[PDB]
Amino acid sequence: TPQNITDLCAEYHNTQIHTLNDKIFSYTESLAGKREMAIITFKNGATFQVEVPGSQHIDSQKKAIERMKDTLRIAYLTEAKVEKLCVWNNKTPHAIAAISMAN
């Protein structure tokens, strides 16, 4: 089991770490059918999604997808500094796998 986000991220293909060290600039949320997702941006233009749940996701990920959207909303609203995101870079926008906050 990994001890940090960087090591975690390295366990998977198709991923990378972004080091933001910044608060979330915007938070977008949709309930529209087939677009039940969240999008965040940072001041530098970096844009990330929490993907629409699909066949790329196993059943054990479903609660964690919902948690992640909860986390991004409250991080946005508290201006919490995001340290890193682990993302899948085979999606556009890049798709969030993990987040770390330290500040």
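Here, rigid core means the biggest group of C-alpha atoms that superpose within 1.5 Å across both forms. Residue indices: 1-based, along the sequence shown.
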| task | Kindly name the stretch, out of 51-59 and 67-75, whose CA atoms are displaced more from this form in 8 other deposited structures of this protein after the core superposition? | result | 51-59
| What stretch has the higher average Cα B-factor here, 40-48 or 68-76? | 40-48
| query | Averaged over C-alpha atoms, is the B-factor higher for 8-16 or for 80-88 in this PDB entry? | reply | 8-16
| request: Determine, from the deposited record, the chain-internal third of the Cα B-factor for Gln61: lowest, middle or highest. | output: middle
